[PDB]
Structures are given as structure tokens and as C-alpha cells.
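*Asks:* To start, I am sharing the structure in question, which I have written as C-alpha cells.
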Amino acid sequence: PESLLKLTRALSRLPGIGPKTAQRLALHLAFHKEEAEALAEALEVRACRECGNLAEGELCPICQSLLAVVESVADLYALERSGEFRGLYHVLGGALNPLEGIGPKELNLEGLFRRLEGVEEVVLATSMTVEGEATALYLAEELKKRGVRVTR
Amino acid sequence: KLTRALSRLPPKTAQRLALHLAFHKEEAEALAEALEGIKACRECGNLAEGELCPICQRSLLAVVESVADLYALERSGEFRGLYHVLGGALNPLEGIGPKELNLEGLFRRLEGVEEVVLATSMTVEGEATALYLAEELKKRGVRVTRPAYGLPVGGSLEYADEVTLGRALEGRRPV
Amino acid sequence: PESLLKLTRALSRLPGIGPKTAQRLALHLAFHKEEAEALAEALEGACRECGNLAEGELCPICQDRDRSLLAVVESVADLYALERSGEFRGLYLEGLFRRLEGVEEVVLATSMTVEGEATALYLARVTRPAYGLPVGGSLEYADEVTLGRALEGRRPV
Amino acid sequence: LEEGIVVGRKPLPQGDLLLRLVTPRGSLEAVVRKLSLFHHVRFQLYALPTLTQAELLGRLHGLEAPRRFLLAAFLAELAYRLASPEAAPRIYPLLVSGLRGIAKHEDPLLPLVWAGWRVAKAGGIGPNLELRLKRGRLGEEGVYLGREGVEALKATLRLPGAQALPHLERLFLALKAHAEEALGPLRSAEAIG
Amino acid sequence: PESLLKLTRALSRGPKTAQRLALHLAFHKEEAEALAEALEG
DNA sequence: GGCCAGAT
DNA sequence: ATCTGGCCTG
Ligand SMILES: [Zn+2]
Ligand SMILES: [Zn+2]
Ligand SMILES: [Zn+2]
Numbered sequence: 004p005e006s007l008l009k010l011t012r013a014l015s016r017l018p019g020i021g022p023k024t025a026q027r028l029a030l031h032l033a034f035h036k037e038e039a040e041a042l043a044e045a046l047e052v053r054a055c056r057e058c059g060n061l062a063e064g065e066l067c068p069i070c071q078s079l080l081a082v083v084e085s086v087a088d089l090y091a092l093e094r095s096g097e098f099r100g101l102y103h104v105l106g107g108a109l110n111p112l113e114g115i116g117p118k119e120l121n122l123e124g125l126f127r128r129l130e131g132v133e134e135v136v137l138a139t140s141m142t143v144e145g146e147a148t149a150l151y152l153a154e155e156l157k158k159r160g161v162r163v164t165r
Numbered sequence: 009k010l011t012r013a014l015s016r017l018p022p023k024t025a026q027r028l029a030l031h032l033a034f035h036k037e038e039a040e041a042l043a044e045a046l047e048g049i050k054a055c056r057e058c059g060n061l062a063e064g065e066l067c068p069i070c071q077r078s079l080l081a082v083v084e085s086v087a088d089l090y091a092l093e094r095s096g097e098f099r100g101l102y103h104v105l106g107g108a109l110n111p112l113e114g115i116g117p118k119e120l121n122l123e124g125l126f127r128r129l130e131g132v133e134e135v136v137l138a139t140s141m142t143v144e145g146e147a148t149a150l151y152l153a154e155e156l157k158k159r160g161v162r163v164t165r166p167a168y169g170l171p172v173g174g175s176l177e178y179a180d181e182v183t184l185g186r187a188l189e190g191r192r193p194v
Numbered sequence: 004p005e006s007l008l009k010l011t012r013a014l015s016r017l018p019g020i021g022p023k024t025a026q027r028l029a030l031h032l033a034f035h036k037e038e039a040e041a042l043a044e045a046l047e048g054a055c056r057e058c059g060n061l062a063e064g065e066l067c068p069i070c071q074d075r076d077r078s079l080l081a082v083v084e085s086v087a088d089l090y091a092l093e094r095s096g097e098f099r100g101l102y122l123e124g125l126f127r128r129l130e131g132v133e134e135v136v137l138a139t140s141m142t143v144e145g146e147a148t149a150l151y152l153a162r163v164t165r166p167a168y169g170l171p172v173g174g175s176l177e178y179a180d181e182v183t184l185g186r187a188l189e190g191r192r193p194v
Numbered sequence: 014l015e016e017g018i019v020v021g022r023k024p025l026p027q028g029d030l031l032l033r034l035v036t037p038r039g040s041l042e043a044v045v046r047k058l059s060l061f062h063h064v065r066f067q068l069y070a075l076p077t078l079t080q081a082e083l084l085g086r087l088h089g090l091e092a093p094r095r096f097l098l099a100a101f102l103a104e105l106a107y108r109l110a111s112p113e114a115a116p117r118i119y120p121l122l123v124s125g126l127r128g129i130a131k132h133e134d135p136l137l138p139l140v141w142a143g144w145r146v147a148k149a150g151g152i153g154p155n156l157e161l162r163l164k165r166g167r168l169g170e171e172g173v174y175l176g177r178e179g180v181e182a183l184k185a186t187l188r189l190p191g192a193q194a195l196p197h198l199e205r206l207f208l209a210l211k212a213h214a215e216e217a218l219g220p221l222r223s224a225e226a227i228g
Numbered sequence: 004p005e006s007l008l009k010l011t012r013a014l015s016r021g022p023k024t025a026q027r028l029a030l031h032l033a034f035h036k037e038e039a040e041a042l043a044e045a046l047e048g
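Protein chains in written order, with the deposited numbering: chain F, 4 to 47, 52 to 71, 78 to 165; chain E, 9 to 18, 22 to 50, 54 to 71, 77 to 194; chain D, 4 to 48, 54 to 71, 74 to 102, 122 to 153, 162 to 194; chain G, 14 to 47, 58 to 70, 75 to 157, 161 to 199, 205 to 228; chain C, 4 to 16, 21 to 48.
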């Protein structure tokens with residue numbers, strides 16, 4: 004029906020989905036009616056007070078020396094599944110893309126500026142992508158001129 | 009609660028999508044709206063706006084285990100009969116028997132002259148259900164037909180099971 | 004190193020392995036003579057009337075079997091599979126017409142490949166296995182053409 | 014690699030299947046990604076353990092009868108509930124023999140009860156036969175087994191099956212009562228009416 | 004067959024290619040002999 | 001099924 | 001700025 008049409012539209016709109024997959028999942032949820040309200044209730052943690060990251064509670068586990082910088086939560090999850098580092102970290106709200114028009118003014122970097130205090134070492138956990146590498150190098154140069162140690 | 013709901017969907024993509032939904036409230040509200048909007055036909059069992067489907071608003080009838088199977092059959096296009104949707108299959112291990120199925124609802128729609136396709140599962144349990152329903156129908160004076168056992172299209176002999184091949188042999192047809 | 008050339012050519016000739024895969028296998032076997040010798044010492048460890061390959065002139069099918079039933083098979087892999095099956099007591122195309130003598134029913138054990146379809150059309162008692170749905174699994178994991186043929190091939194019981 | 018029987022099929026909502034098997038070394042539970060019921064199968068488990080390979084060793088074609096299928100399911104469930112690892116080497120050949128008997132014999136109930144009584148005896152749940163048996167004990171309460179029934183039960187419990195068959199050529208009710216007393220209710224008990 | 008399994012196992016030192028090659032060698036005595044000669048070589 | 005290299 | 005064909009994961 005029209006409700007099925009709008010459900011398929013909603014599923015297709017969200018990233019990482021296929022229209023055939025969207026339709027098959029719509030039919031599957033038409034088959035399972037309890038899973039509908041189960042997902043609805045499971046649909047309904053905020054920014055950390057200090058770091059600003061998503062926190063299961065009041066502080067993110069990072070807060071609860079080292080300082081890594083990333084752009085997506087997937088990097089944080091890869092780090093935690095690796096689980097070799099314990100120091101502080103960060104997540105950035107974008108990547109400086111000349112063709113997109115992202116600029117350093119749109120970054121969240123003054124938090125990093127005040128966070129610079131009491132930092133023994135920093136790791137540039139940037140994405141292998143060339144633009145991300147360039148952005149990380151440019152930030153590391155902007156931070157070296159202050160007189161802070163930067164490590165790869 | 010989120011991780012389990014995302015895992016119920018048929022890992023990394025589930026998590027990335029959950030995170031995006033957390034960071035995109037509007038999409039989540041739109042999805043809840045579509046779900047409420049979405050919130054079986056009395057006779058056929060397919061989808062319908064309200065009570066009866068547009069088709070309902077018949078000499079052939081197809082017995083089917085679930086609604087998904089009904090819809091698959093309709094997508095096949097080779098069936099324009101009516102359907103009776105059971106609640107499942109017989110299962111002593113799950114306490115499922117004559118006191119759990121919709122037999123009496125079935126008997127309110129059946130007549131003397133009719134053919135009931137036996138589209139049960141291809142298991143020991145589905146075969147037992149098929150034979151039981153066939154016996155119940157022959158007692159109650161109605162034809163019993165069973166889809167053809169045999170090899171599937173695009174199937175190789177090397178990887179076919181011995182039972183499928185034996186049924187193919189036993190059920191071989193002239194040409 | 005001229006000796007390895009023949010080995011590389013021999014492994015190259017078999018289907019499914021490219022020249023670089025053969026060279027890689029030869030190099031891996033060059034410094035691993037332990038399992039090369041193990042493979043060498045482990046290596047040791054068709055009749056006209058049938059067409060079956062077997063040690064000796066007469067196959068085990070010829071060597074408790076009947077000549078009434080003869081089934082034509084596309085490949086010997088299917089012959090081995092049906093030997094592992096064991097549902098016919100009988101013995102096991123272009124030459125079918127001049128083998129029709131002494132045969133009272135013809136069994137068609139060929140696969141349903143398009144080549145088999147064309148061969149059957151060209152050759153047009163003779164019997165052929167039916168088209169139907171397999172055993173076990175889930176009805177949602179099937180294909181539309183099989184559904185249609187099973188619906189139209191529906192048998193009376 | 015292990016060899017055993019298929020006695021449990023629980024479909025999984027994600028399209029998988031929960032398998033329940035018993036070997037001469039003990040019962041087990043296994044799962045498969047995406058082997059028919061009551062088939063003696065040799066399988067390789069990887070670890075619930077996930078099955079990797081399966082080999083068919085035989086089919087019981089005659090089990091498709093409704094009553095025969097119900098009796099076979101009863102026997103398999105009772106075997107699984109009695110499938111202790113110590114008793115498994117005893118029950119497994121008894122399981123196979125009972126399945127073969129119920130497949131081949133004209134009356135499945137005869138070899139069914141014959142195998143079930145021996146499985147109950149070997150599983151540590153041997154009833155105390157020292161005319162009505164109650165909670166595995168003879169007396170004036172319970173199902174009236176009768177003198178002939180008591181004699182046949184004693185012969186089966188003491189003599190081997192070869193000469194125990196003629197004696198048994205109602206005990207099912209007593210065996211069911213004893214099994215329910217020992218282990219509790221049975222899921223499959225609803226089917227028979 | 005024992006020699007077939009021995010060959011598939013030596014080739015495994021995927022199983023589908025191992026099998027295809029073992030079958031091919033069984034059905035090509037000359038090629039298999041040449042391969043045993045080159046391996047001895 | 002979905003993303004990227006290279007020519008117009 | 002558009003568009004065809006090859007590639008990896010599934
Ligand atoms: Zn924090
Ligand atoms: Zn309708
Ligand atoms: Zn021969």
C-alpha cells in the first residue's frame with residue numbers, strides 16, 4: 004500500500020541499502036508485526056561533557078597524555094577492537110575537502126587547542142585517503158608551530 | 009536494545028546505520044511514522063487496505084504454509100485461484116497438532132468438487148502434514164493433488180542429494 | 004634450471020591454472036621437497057559395451075546387472091555419483126540411433142544443460166526425469182521458473 | 014568428525030537451523046548456516076558448534092506414515108532425554124535397532140516399545156518389578175499390566191531381545212508414566228490421542 | 004576411491024579444484040604419467 | 001550490488 | 001560536467 008511505499012522510500016533513503024533489499028525488508032516486516040513495534044521501542052547517551060563524544064552515561068570511556082584524532086566513529090571502533098591504546102582521543106566533524114568547500118573554521122579544533130595542555134604525545138590516526146592525510150598534515154603543522162610534539 | 013534490534017535485521024553496516032540514525036533524528040521520526048502507517055485478508059490472506067483486498071472486492080485453491088509462500092506463488096503468476104492460510108505446520112516437538120491449526124476455518128470454505136494444491140514444506144514434517152491433509156480430504160470427498168517431485172532447474176547431478184535423484188527416477192515421465 | 008621447465012609446462016597444460024600460478028606452485032615445491040616426495044609416494048596410493061572406465065577390459069557393471079536398462083550419461087562424474095547412489099540394476122546421442130537394437134526402454138541420465146536440451150531435441162520406449170521442486174530448505178530460496186513449472190507440472194495423487 | 018542421528022529440528026528465524034544430535038559419545042546441539060530428520064549421518068563439527080560437512084549413511088523411507096512418524100518422534104525424544112554420555116554407547120545401537128524395527132516391522136508399536144523399555148533400563152531409569163505398576167513400582171495402583179504383561183516385561187528386562195520378542199508378540208502406558216515420573220512432562224505427548 | 008582421495012589430498016597440500028584435477032588426471036593417464044615423471048625429474 | 005578509473 | 005566498463009564484497 005501507500006504506507007508500504009513510504010516505508011520503502013524511507014529505507015532506500017538511508018545509506019547502505021538496496022532498493023531490492025529495501026523492498027524485501029518491507030515485505031519481511033509486513034510478515035513480522037511484533038518486530039515492528041520491537042524496533043520502534045528499541046529506536047529510542053549524549054555528547055560527553057569534556058570530550059564531546061557519544062558517551063554511555065556521563066563521560067566517554069576515553070576520559071574515564079596520548080591524543081588521537083579521527084573523523085568518524087568507525088575509526089574509534091577499529092581502534093577499540095584493536096585495543097592497544099588507552100589515552101585520550103577525539104572525533105572531528107568533517108574533513109578539509111577543497112572540492113566540497115570544508116574549511117578549518119568549520120572544524121572543532123579550539124577544543125583540541127585547550128586540550129593541548131598535558132599531552133605527552135599525539136598520534137595522527139587519519140584516514141588513508143589523500144585528502145584526509147593532507148588535512149592531518151596541515152593540522153599537525155599548525156600545531157607544531159605552537160611548540161607541541163607531534164608523532165605519526 | 010539498539011544492538012540487538014540491529015542484529016535482528018537479516022554487524023558493521025548495522026552499527027553504522029544505527030549511529031547515523033542517532034545522528035539523524037528526522038529520518039528516525041519519518042521511519043516511526045511509516046511504521047505506524049503500516050500498523054492479512056480474511057479470505058485470501060494477502061495484504062489489503064482495511065478488511066478485504068481489491069481482488070476479493077475460485078474452483079482452484081492452493082494450501083500454503085505461510086503468507087510469504089502465498090506471495091511468492093502470486094509473484095510466480097501461474098496461479099489465479101484462492102488461498103487458505105494456515106497458522107503453521109504440525110509439530111509434536113512444539114506441541115502443535117489438530118487442536119492448534121485452523122482446520123475448522125478450512126472446512127467452512129471447502130466444497131465437494133475442488134482441487135487443493137499440496138504446497139507444504141519438503142521435509143519430514145511437511146510431508147507428514149501433506150499426507151494427513153490428503154487423508155482428511157479423501158475422507159471428506161475432495162480431490163487430492165501433489166506438486167511434482169523432481170530435479171530443480173539449473174541443478175547439477177553431482178551435488179544433488181540421493182533422495183532427490185531417487186524421486187526423479189521413480190517419478191520419471193514419458194517423452 | 005632447465006629441468007623445471009617441463010614441470011611448469013605440464014602443470015600449465017591442465018585447466019584451471021595459469022602460467023604464473025604454475026610457476027608459483029613449482030617455486031613453492033622447489034624448496035619444500037618434503038611434501039613433494041610425500042605427494043610422489045602418495046600418487047600410486054573404457055569398455056565398448058558400456059563406456060565406463062575401469063581397470064581391465066570388462067567394467068564392474070559388466071562384471074548381477076541387466077542389459078534391459080541402459081542409461082546415457084553426459085560425464086563420468088555423474089556415473090560415479092549414481093554408483094554412489096545405486097538405484098538402478100540396469101547396465102550403464123549421435124551414436125544412439127545405431128545402439129537402439131537390443132534396447133526396449135531408453136533411460137536418459139543426461140544433465141539438463143542446454144547441450145543436453147539440444148541433444149534431446151535432435152534425438153526427437163524413451164523416458165526422461167521430471168521437473169519439480171527439491172527436498173528440504175525453504176520455499177523463499179527458490180526461483181520463479183521452478184515455481185511455475187511445479188505449478189503446471191502439478192501431479193494428481 | 015562424528016557419527017550420529019538427527020532427532021531435533023528447530024528452525025531459526027534468520028534462515029538458519031538448530032540441530033540436535035546424539036552420538037555414542039554423548040548428546041550435543043549444533044547449528045548450520047542456512058540432514059533430514061531421523062537419518063544416521065556422519066558430520067564434522069566446528070566450534075553452539077557450527078556444522079561444516081555432512082555425509083548421508085542411510086534413509087528410512089517407511090517413516091512417512093503419520094502414526095509411524097509420531098512413534099518415531101516419541102522414541103527419538105525419549106532417547107534424547109535419556110541420552111547421557113555414559114549411556115550413549117549403549118543407547119545408540121539400541122536407538123538404531125529400534126528405528127530399523129519400527130521401519131521394517133508391520134506393527135511399529137512392538138519394536139518401538141521393545142527398544143524403549145531397554146533404553147529406559149539402560150538409562151538409569153529401570154523400573155522396580157519386584161499387577162499395576164505405579165511410579166515404576168508394582169502394586170494395586172496404576173495401569174493394570176496383568177500377569178502376562180508383567181511376565182513379558184520381566185522377560186524383556188532380563189532376557190535378550192531375540193527371545194523377548196515372542197513374549198511381547205499397555206506396557207507403553209507404564210513406560211510413559213515411569214518416564215514422566217523420572218524426568219517430567221513430554222513435549223510430544225500431545226500428538227497421540 | 005582410495006587413489007582418488009590420495010590424489011585430492013596431495014593436491015590439497021580448494022577441494023573443488025583438487026577434485027577436478029584428480030578426476031582429469033585419472034581420465035588422462037598420459038598427462039598424469041608425464042606429471043609423475045616431471046616430479047621425479 | 002556498489003564504487004572507481006579514464007575518455008569525451 | 002557527463003558517461004562507459006572494470007573491479008571487490010557479498
Ligand atoms: Zn569523555
Ligand atoms: Zn482478499
Ligand atoms: Zn563394461
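Beta carbons: idealized from backbone N, C-alpha and C, even for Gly.
Does DSSP put G:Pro93 in a helix, a strand or coil?
*Replies:* If DSSP states are grouped into helix, strand and coil, G:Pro93 belongs with the helices.
*Asks:* Measuring straight from C-alpha to C-alpha, what distance separates G:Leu183 and G:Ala130?
*Replies:* Straight-line Cα distance between these residues: approximately 23 Å.
*Asks:* What do you reckon, is the C-beta of D:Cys55 under 7 Å from a heavy atom of ligand 3?
*Replies:* Because some heavy atom of ligand 3 lies under 7 Å away, the Cβ of D:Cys55 counts as near it: yes.
*Asks:* Does the beta-carbon distance from F:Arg56 to F:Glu63 come in below 8 Å?
*Replies:* No, the Cβ-Cβ distance between F:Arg56 and F:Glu63 is not below 8 Å.
*Asks:* For ligand 2, is there a heavy atom less than 7 Å away from the beta-carbon of E:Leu66?
*Replies:* E:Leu66 Cβ: within cutoff of ligand 2.
*Asks:* Mind the definition here: the stretch 153 to 160 of chain E touches the stretch 132 to 152 of chain D only if three or more C-beta pairs lie below 8 Å; say whether that holds.
*Replies:* Contact fails: fewer than three Cβ-Cβ distances are below 8 Å.
*Asks:* Which parts of the stretch 131 to 160 of chain E are runs of the beta strand (DSSP E), unbroken and 3 residues or longer, counting only runs that do not cross its ends?
*Replies:* The qualifying runs are 134 to 138.
*Asks:* For E:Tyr102, report the span of its beta strand (DSSP E) as first-last.
*Replies:* Per DSSP, E:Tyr102 belongs to the beta strand (DSSP E) from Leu101 to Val104.
*Asks:* Assuming contact is defined by CB atoms lying nearer than 8 Å, are F:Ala81 and F:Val136 in contact in what I supplied?
*Replies:* For F:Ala81 and F:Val136, yes; Cβs fall inside 8 Å.
*Asks:* Under 7 Å between beta-carbons, which chain G residues line up against E:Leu150? List them in chain order, please.
*Replies:* Those are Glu91 and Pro93, listed as they occur along chain G.
*Asks:* Quick check: the stretch 24 to 38 of chain E against the stretch 12 to 20 of chain F, are at least 3 beta-carbon pairs closer than 8 Å?
*Replies:* At 8 Å Cβ cutoff, the stretches touch.
*Asks:* Which of the three DSSP states, helix, strand or coil, is assigned to G:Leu136?
*Replies:* The answer is helix: DSSP assigns G:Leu136 an H, G or I state.
*Asks:* Is it buried or exposed for D:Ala33, if we count other Cβ within 10 angstroms and need 16 for buried?
*Replies:* Answer is exposed; the Cβ neighbour count stays below 16.
*Asks:* Is the distance from the Cβ of E:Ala138 to the Cβ of E:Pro171 below 8 Å?
*Replies:* In this structure, E:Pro171 does not lie closer than 8 Å to E:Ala138 by Cβ.
*Asks:* I'd like to check one pair, F:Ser78 with F:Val132: are the Cβ atoms closer than 8 Å?
*Replies:* Yes, Cβ-Cβ distance for F:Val132 and F:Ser78 is below 8 Å.
*Asks:* What does E:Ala13 touch in chain F if you count any residue whose Cβ is under 8 Å from its own?
*Replies:* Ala41, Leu42, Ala45 and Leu46, listed in chain order.
*Asks:* With a cut-off of 8 Å, do at least 3 Cβ pairs link the stretch 94 to 102 of chain F to the stretch 27 to 46 of chain F?
*Replies:* Output reads no: the stretch 27 to 46 of chain F does not touch the stretch 94 to 102 of chain F.
*Asks:* Closer than 8 Å, CB to CB, is G:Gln27 near chain E or not?
*Replies:* Chain E contact via Cβ: present.
*Asks:* Could you tell me the distance, in whole angstroms, from the CA atom of F:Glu113 to the CA atom of F:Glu134?
*Replies:* For F:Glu113 and F:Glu134, the distance between alpha carbons rounds to 31 Å.
*Asks:* Got a sec: does ligand 2 put a non-hydrogen atom nearer than 7 Å to the Cβ of F:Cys58?
*Replies:* False, no ligand heavy atom lies under 7 Å from that Cβ.
*Asks:* Contact between the stretch 89 to 106 of chain G and the stretch 119 to 133 of chain G: three or more CB pairs below 8 Å?
*Replies:* Touching, yes, given that three or more Cβ pairs across the two stretches are closer than 8 Å.
*Asks:* Just checking my contact of G:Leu175 with G:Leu161 at CB under 8 Å: how many whole Å lie between their CB atoms?
*Replies:* Contact flag correct, Cβ pair sits at about 6 Å.
*Asks:* Using three-state DSSP, classify G:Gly228 as helix, strand or coil.
*Replies:* Correct three-state label for G:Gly228: coil.
*Asks:* Any heavy atom of ligand 2 within a distance shorter than 7 Å of the CB on E:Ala81?
*Replies:* Checking every heavy atom of ligand 2 against the Cβ of E:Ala81, none is found closer than 7 Å.
*Asks:* Rounded to whole angstroms, what is the Cα-Cα separation between D:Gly100 and D:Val163?
*Replies:* About 15 Å.
*Asks:* Mind checking if D:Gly100 is an interface residue toward chain C, Cβ cutoff 8 Å exclusive?
*Replies:* False, the Cβ-Cβ gap to chain C never drops below 8 Å.
*Asks:* Measuring only the C-alpha atoms, how far is G:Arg38 from G:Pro112?
*Replies:* Each residue's alpha carbon lies about 5 Å from the other.
*Asks:* DSSP on E:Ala179, reduced to helix/strand/coil?
*Replies:* The answer is coil: DSSP assigns E:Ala179 none of H, G, I, E or B.
*Asks:* I want to check one thing, is the minimum distance from the CB of F:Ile69 to the heavy atoms of ligand 1 below 7 Å?
*Replies:* Because some heavy atom of ligand 1 lies under 7 Å away, the Cβ of F:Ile69 counts as near it: yes.
*Asks:* Please compile the residues from chain G whose C-beta is within a distance smaller than 8 Å of the C-beta of D:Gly173.
*Replies:* The contacting residues are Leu58 and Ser59.
*Asks:* Hey, F:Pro117 and F:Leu129 are a contact pair by Cβ (cut 8 Å); roughly how many whole angstroms apart?
*Replies:* The pair is not a contact, with the Cβ atoms about 16 Å apart (cut-off 8 Å).
*Asks:* Using only alpha-carbon positions, find the residue among D:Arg186, D:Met141 and D:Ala41 that is nearest to C:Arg16.
*Replies:* Closest option to C:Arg16, Cα to Cα, is D:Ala41.
*Asks:* Cβ-heavy atom distance between E:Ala62 and ligand 2 below 7 Å?
*Replies:* Under cutoff, so the answer is yes.
*Asks:* Using a Cβ-Cβ cutoff of less than 8 Å, which residues in the same chain neighbour G:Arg46 once the five nearest sequence positions on both sides are dropped?
*Replies:* Cβ within range, chain order: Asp29 and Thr77.
*Asks:* Write down the C-beta distance between G:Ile227 and G:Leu97 rounded to the nearest angstrom, noting that I regard them as a contact closer than 8 Å.
*Replies:* So it is a contact: roughly 6 Å between Cβ atoms.
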